[PDB]
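Single-structure report; data block below.
Bear in mind these aren't lab numbers, they're just calculated from the coordinates by the rules spelled out. Ideal geometry is used to build each Cβ from the backbone, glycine not excepted, and the neighbour counts take in all protein chains shown.
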Amino acid sequence: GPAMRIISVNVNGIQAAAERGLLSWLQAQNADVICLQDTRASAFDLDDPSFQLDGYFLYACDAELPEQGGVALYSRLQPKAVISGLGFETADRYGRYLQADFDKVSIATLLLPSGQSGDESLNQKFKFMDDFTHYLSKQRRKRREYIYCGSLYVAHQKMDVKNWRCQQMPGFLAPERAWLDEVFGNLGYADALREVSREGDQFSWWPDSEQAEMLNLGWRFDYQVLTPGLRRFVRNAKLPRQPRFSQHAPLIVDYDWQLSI
Amino acid sequence: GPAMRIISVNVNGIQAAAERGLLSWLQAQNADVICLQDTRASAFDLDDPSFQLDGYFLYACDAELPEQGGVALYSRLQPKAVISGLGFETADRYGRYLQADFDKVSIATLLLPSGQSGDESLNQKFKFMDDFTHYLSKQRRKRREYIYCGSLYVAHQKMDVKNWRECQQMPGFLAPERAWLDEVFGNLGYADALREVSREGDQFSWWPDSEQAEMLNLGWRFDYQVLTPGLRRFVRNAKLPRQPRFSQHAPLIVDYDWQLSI
Amino acid sequence: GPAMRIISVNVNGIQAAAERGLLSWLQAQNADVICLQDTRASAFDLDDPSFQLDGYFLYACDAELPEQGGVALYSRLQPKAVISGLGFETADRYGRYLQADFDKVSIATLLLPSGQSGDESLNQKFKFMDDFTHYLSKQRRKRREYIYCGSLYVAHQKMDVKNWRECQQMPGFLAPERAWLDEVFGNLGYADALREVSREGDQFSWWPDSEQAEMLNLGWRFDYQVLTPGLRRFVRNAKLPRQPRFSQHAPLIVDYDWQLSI
Amino acid sequence: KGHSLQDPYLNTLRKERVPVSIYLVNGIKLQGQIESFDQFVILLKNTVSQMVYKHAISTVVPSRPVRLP
Amino acid sequence: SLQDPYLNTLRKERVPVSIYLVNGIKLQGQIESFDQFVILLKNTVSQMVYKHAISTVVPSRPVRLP
Amino acid sequence: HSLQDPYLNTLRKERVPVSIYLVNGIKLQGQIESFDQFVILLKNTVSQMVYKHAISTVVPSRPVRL
Amino acid sequence: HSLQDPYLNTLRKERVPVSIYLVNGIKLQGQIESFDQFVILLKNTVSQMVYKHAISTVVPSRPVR
Amino acid sequence: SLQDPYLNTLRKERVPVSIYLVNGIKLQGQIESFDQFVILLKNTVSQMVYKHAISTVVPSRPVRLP
Amino acid sequence: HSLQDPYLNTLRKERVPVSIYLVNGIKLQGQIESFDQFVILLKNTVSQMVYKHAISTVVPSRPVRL
Amino acid sequence: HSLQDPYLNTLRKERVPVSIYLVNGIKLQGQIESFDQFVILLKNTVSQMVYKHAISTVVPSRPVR
Amino acid sequence: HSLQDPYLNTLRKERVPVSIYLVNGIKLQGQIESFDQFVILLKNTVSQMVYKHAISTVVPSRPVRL
Amino acid sequence: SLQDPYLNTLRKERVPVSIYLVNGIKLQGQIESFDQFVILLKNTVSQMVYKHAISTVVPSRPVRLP
Amino acid sequence: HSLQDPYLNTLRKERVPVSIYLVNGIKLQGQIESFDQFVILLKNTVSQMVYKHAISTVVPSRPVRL
Amino acid sequence: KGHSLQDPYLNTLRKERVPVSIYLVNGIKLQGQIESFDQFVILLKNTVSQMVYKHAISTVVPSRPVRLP
Amino acid sequence: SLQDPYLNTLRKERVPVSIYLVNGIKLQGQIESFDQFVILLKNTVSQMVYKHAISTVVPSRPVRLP
RNA sequence: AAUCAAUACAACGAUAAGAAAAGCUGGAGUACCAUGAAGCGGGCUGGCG
């Protein structure tokens, strides 16, 4: 039976994640494609074979300043092509995108600004959202399927947050919610996790506070945006609380698809 | 002589209805076709013989998730065919429609979203209403008769609710829903089985989950049996007792001067 | 100019008709299409060339036995198709119907039971009437025209018989038969060829086997030429010669403003 | 065995001169008696001879019952 | 094949089947015999139906399958 | 093809005006100029080709004999 | 032939409800139980046989393959 | 056969022909090419017409017979 | 099959939206995903297989030439 | 020539990712490993060889020279 | 050479925004920065080299004189 | 050569010509000048057309042949 | 050109109507008036010039001999 | 080195008269046998003698394996 | 040069290569031999590919660079 | 007004079925969007089917 496992992990610094044990954890997950965001390390920094996984290929990109962003990608099979960038400054200069081209389906890692580090960060996040909306409107005409394992740092509905009365903080703002609704409705994209389970408490991000961990005041910042062609192939979805090695819990999603090159 | 008894009961979960004794009551009503709405259980769940009725066949549909559930339909005679869904996502993905094919006339159960749990629910309900209006406008050109045992979750007139002044401000009696029902009833030619033989008030079919609503009779009419204009004269009688009921909706029994056969 | 003459004569046995000079008379009438009813002769009996007309084609149908009944039809032109039977026992088993298909318009003959020989005859006659009404209701949706020269053995109105007060107590003018003819004429839209051009009395077609009836002109209009509503304006003239006649039914000559062709 | 039943049936219909009603695929009702037949056409006649193609014939309804050989 | 065993099972048990033609008119009766091209349908009057005009064969009750 | 070929050959040689009715009810008229296994050429105002798989009946204006 | 046999085989194995349209415009619904070269056994309440030469088109309710 | 030379004459001489379908729809254009089962009729839009749906082929002008 | 197969293969490879008209007159739209000798799989809102013996005309949205 | 050769030399020396558009409109991406008179080695995941007679334009991801 | 080189030199000197059209039909815009025998350097949002053998037409935004 | 005198005759006579590119785009105007590799076409906007992308040149009226 | 030049010269001398398929897929027809190294003068309704680099195949209406 | 591969291959295909499949760049597939060739065109023979330009030929696929001299 | 040593390396190691033509059609196989204009591609059947139609040569596995 | 004055999509359209029209020289198969898609090679025995 066709079975493919895709894992999206926001690390907020790949060095600290590796020091906490992310590599040994990923080695046992038996996943096929691993998606990492916010590595905070340059391409030369990741050249170290310590980050290499047994039986996995490594592709990644970096920004002009490595501490500001940068994403990575692992794959059990050698992809046909590895591309990066969308065509505008907020993605090209920051290296927040990396796409691996497989047969019929294309897996792309995506990273959005946090938006909590100032009004300038919020404006940059809004510009990135608008540019990505334009990109998706232009891209929805293609036939190949896209899997956007993008940590958009924005929750969709009240079921994705705790104590929403969240609306006064970056991550659940009205324009961001409207943008997500537009993406999921007008553009026709389907969320991977919500196509198989409409249950609460499945959060993906927690503030750096003991109260948020104890009271489960978490937000769902991790997403795997699927084209309307792959909404039916979702098999399983999970968001394990522990042993996450960052402020974002790993998002494991299984698909009824056989990956080939 | 020719006699047909069709019962439409919204259960809001077939498990709680079976625990309240819905099946034991239905078994004694001597009905020909039983239509259930809001089963809140998958098709594999209804495979349990506990929900089975002696002398009735069991056909039902389920949504992708069991929380939304689907609709079920019991029938004494084996129908010619069973069809489900209309061809759009808000009915196909949720399985809120099931239709059994008989001779001349076909009986169909219909479930509409409540629309009270968030604005998204109301938007989905309006989309479902528009798509169903399109489907009815396309279907009214056919010759065969249709019986829609549909829980519309929408009242038609002030006589179908208690204290309409406050009902206008809550989902169930809004202006767009009232205009939708008026269009469906007048322009398309569909008739209501309950109003063809009884034009009296207080015949409510749904009550809010509150003791004050039960004591003060603050009920709304959410259940209807939509018929093609060819069967408006064949309606014999309609029965809808206030008690006993096994959910937030009261059982709706309607008799027809028609012989159901395949 | 388009001119067509159609003669319908019930012979009550073609043998006695030929012995009384019916064939020579028909040959001398310059008719175009002739319809015969109650021939009482089988196909093997009509094989005798004595019944053949000079310059006319001959087609007919028979029952299981010749004495039971049978009809025949003559035409100056070779018809496109000649069909018999309707699909039920009362016409197929007795061979009381024969239809000739020409261009645009088709001419057909029909024989109805007398119903006076007993109660079973009246029951068979009522069954035949109901089946023929069903056939006409199914046939009226067609585009082509039909000419039914059928001896219905029933009068339509009081103008069709003498002393209708006593005629109501005998088969031929009963209330159910009158209502059946009224239904066939009005509801189905068929028009009488005789009444479209002549609305006068004393135009009878059948007389009982009694000298007093012939003396006092106690006749019954048992013969008709039923036309589709499309040809009601094509009727030119209609004749009902009392004498000479060669059976209990008088000849019925009707002229049309139509050109017969294939 | 393409016509193991149709050919004997048509032959029996032709031998007894049974007036058969042939209904076409479009619903038109033909009448007459079958003169002969082959693999693809059926000869029908009631007043004028007429060849009818089998690929347009839907049902053959004799006016009286028959017996298989 | 599938058509031959299905028709043979329908003929052996004499299940009353309804045959729908391509023009939409439904025929009723029981299957008496069949070959490669025609199916003998017996009811009030014995009539032969051509396979090239048969759209669906709908029995009145479920039957065994090959 | 024991009856089709001789009948069509006689209709062609005798030049009898034949009426060809299609499956959809359309009536064609003229004389058969020639034919093969799949088409039949009908001559009237225009020498139009008529396909056999669309022809239902052939009605000659006068009887013919093989 | 080439793909229609694997297509019907997939529709049978996955038990997908399909809409089968006839040549006259009548729409059928149900599941494929089995098939050969000429007939397709539509399966729901009544296991009827549908002839291929009368099937206009097969429209599954959900995408396959 | 005579269908092939007739279609060849219609094609090579660029004769505008009218093609009537089995359902009664009237097509127009020029025969671009053909084979055993399909006939490519070109006009303002190049469209393929299947032979099994063609009833009659009516040229706009008389043509030479094979 | 010298014309049908290359035409359908060109329509498939060029991804041209084609209008497929059935014998009864219902208009279908979409792109040809694959085909063989008897069926044509159309791709539109929902992937649905169309049988060849029911297709009358295939009208692409933009012309193609062989 | 006088412009294409220095341009490609600068592109391969700086290892700048370049977008290579073909005549049919299909976009290729990667780093130019080496080139000559007719072919351009576009290297990223697999060292593929691209012919110059099919390339429409070369668009670097960042300004050069 | 007698017309191509002077035209391109005039376009480069006057800095007229030209609309480059490729053989397949993808229109490009910008200003001509430099050129030689086989490539044309077009600059707009980013400097891109356009091969000559893939260009179809060059359309300046305003008239020019040589 | 014959291309050069033909184009020179088209230029000196100012005959409006239609140029069909290698893809299929129809360009209209008048030939103002040309050389070995490009052709200058003037109409409402002056544009240069490359010879390696031109397929056919169709004048609006007959002209003298070399 | 040991083969193209004599073949084109024979086709020109015999004045045989030839069918020429372009690389874009369309087919042009006419008579070869003259030719050189790069273009072919094709005469039919309008004296249009076709470039050799855009011509894919040459289809004469009848076989010829070198 | 010049045409040390194309010329001998086409010469062998011409001498052996093996039917070859010639695929054009626009997607049209041609079939036939090569009568002769030069530097720019290939003479193809099947139903009618047609000449194909080499600059539009994408691939030449013989119907059977061949051996090069 | 670079093309000739690269093709020679691909030929010596018998690495299966994927060759995308200019029209998008993908070929697969190993390089038998090559020259200035054609490449001998080995697969189930031996075929020759023209270099003027090859857009990209994509080996299935990385190899030593010349 | 035609090989898309240069790229390409969407726009809506099938009576779970008439125990059957001796037959109609032919019913019909709009607007708007839109400038570069890691690439879809369709039998028997030359005689026949």
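Checking each residue in segment L:1-36 for being within 14 Å of chain K (Cβ to nearest Cβ), surrounded by fewer than 15 Cβ atoms within 10 Å (Cβ to Cβ), more than 10 Å from the chain's Cα centre (by Cα) and more than 7 Å from RNA strand P (Cβ to nearest atom) picks out only L:36. Restricting C:54, C:38 to those that are away from RNA strand P (no atom under 16 Å from the Cβ), acidic (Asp, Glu) and crowded, with 23+ Cβ neighbours inside 10 Å reduces the list to C:38. Among the strands (runs of 3 or more DSSP E) confined to segment A:57-138, the ones with at least 3 residues that are more than 15 Å from the chain's Cα centre (by Cα) are located at A:57-60, A:81-84.
So is residue B:31 surrounded by 21 or more Cβ atoms within 10 Å (Cβ to Cβ) and under 22 Å from residue B:124 (Cβ atoms) or not? For residue B:31, the condition - surrounded by 21 or more Cβ atoms within 10 Å (Cβ to Cβ) and under 22 Å from residue B:124 (Cβ atoms) - is not met. For the subset of segment C:138-154 comprising residues that are within 16 Å of RNA strand P (Cβ to nearest atom) and either of a type in the set (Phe, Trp, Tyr) or within 14 Å of chain F (Cβ to nearest Cβ) (or both), which member is surrounded by the most Cβ atoms within 10 Å (Cβ to Cβ)? Filtering segment C:138-154 for residues that are within 16 Å of RNA strand P (Cβ to nearest atom) and either of a type in the set (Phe, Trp, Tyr) or within 14 Å of chain F (Cβ to nearest Cβ) (or both), the one surrounded by the most Cβ atoms within 10 Å (Cβ to Cβ) comes out as C:148.
Condition first: within 11 Å of RNA strand P (Cβ to nearest atom), within 7 Å of another protein chain (Cβ to nearest Cβ) and either aromatic (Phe, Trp, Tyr) or surrounded by fewer than 16 Cβ atoms within 10 Å (Cβ to Cβ) (or both). Now tell me which residues in segment E:42-66 satisfy that. Hits for segment E:42-66 are E:45, E:50. For segment A:132-154, the tally of residues that are closer than 22 Å to residue A:36 by Cβ and charged (D, E, K, R) stands at 1. With respect to (1) at the interface with chain G (Cβ under 10 Å from one of its Cβ atoms); (2) buried (at least 18 other Cβ atoms within 10 Å of the Cβ), the lone exception for residue I:32 is condition (1). Consider segment B:88-120 and keep the residues that are among the aliphatic types (A, V, I, L, M) and either buried (at least 23 other Cβ atoms within 10 Å of the Cβ) or away from RNA strand P (no atom under 16 Å from the Cβ) (or both). The one that is nearest to the other protein chains (Cβ to nearest Cβ) is B:100. Return yes or no: is residue D:38 surrounded by fewer than 20 Cβ atoms within 10 Å (Cβ to Cβ), at the interface with chain F (Cβ under 10 Å from one of its Cβ atoms) and away from RNA strand P (no atom under 14 Å from the Cβ)? For residue D:38, the condition - surrounded by fewer than 20 Cβ atoms within 10 Å (Cβ to Cβ), at the interface with chain F (Cβ under 10 Å from one of its Cβ atoms) and away from RNA strand P (no atom under 14 Å from the Cβ) - is met. Checked against (1) assigned to a strand (DSSP E or B); (2) closer than 23 Å to residue A:261 by Cα; (3) of a type in the set (A, V, I, L, M), residue J:58 passes all but condition (2). Of all the criteria given as (1) touching an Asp or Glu at 6+ places or on another chain (Cβ under 8 Å); (2) more than 9 Å from RNA strand P (Cβ to nearest atom), the one not satisfied by residue H:39 is (1).
Within segment I:44-63, if we keep just the residues that are closer than 13 Å to residue I:26 by Cα and small (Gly, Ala, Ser), the residue that is farthest from RNA strand P (Cβ to nearest atom) turns out to be I:54.
Rundown of residues vs (1) within 9 Å of RNA strand P (Cβ to nearest atom); (2) at the interface with chain F (Cβ under 7 Å from one of its Cβ atoms), yes/no style:
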site: D:44; (1), (2): yes, no
site: D:52; (1), (2): yes, yes
site: D:57; (1), (2): no, no
site: D:61; (1), (2): yes, no
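Only one entry in B:153, B:59 is of a type in the set (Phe, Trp, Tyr) and assigned to a loop (DSSP other than H, G, I, E, B), namely B:153. Collect the residues in segment I:1-20 that are more than 20 Å from residue N:28 (Cα to Cα) and either touching a helix residue (DSSP H, G or I) at 6+ places or on another chain (Cβ under 9 Å) or within 8 Å of RNA strand P (Cβ to nearest atom) (or both), keeping them in residue-number order. Correct list: I:19 only. Among residues of segment B:70-87 being at the interface with chain G (Cβ under 8 Å from one of its Cβ atoms) and buried (at least 18 other Cβ atoms within 10 Å of the Cβ), the one that is nearest to RNA strand P (Cβ to nearest atom) is B:81. Residues being more than 6 Å from RNA strand P (Cβ to nearest atom) and of a type in the set (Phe, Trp, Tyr): count how many of those fall in segment I:21-41. So the answer is 1. Within segment A:203-224, the set of residues being acidic (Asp, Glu) and under 20 Å from residue A:152 (Cα atoms) comprises A:208, A:222. Looking only at segment J:1-34, filter to residues that are within 7 Å of another protein chain (Cβ to nearest Cβ), away from RNA strand P (no atom under 13 Å from the Cβ) and over 11 Å from the mean Cα position of the chain (by Cα); which one of those is nearest to residue O:4 (Cα to Cα)? The selected residue is J:1.
Total residues in segment J:35-64 satisfying the condition of being more than 8 Å from RNA strand P (Cβ to nearest atom) and within 11 Å of chain O (Cβ to nearest Cβ): the figure is 14.
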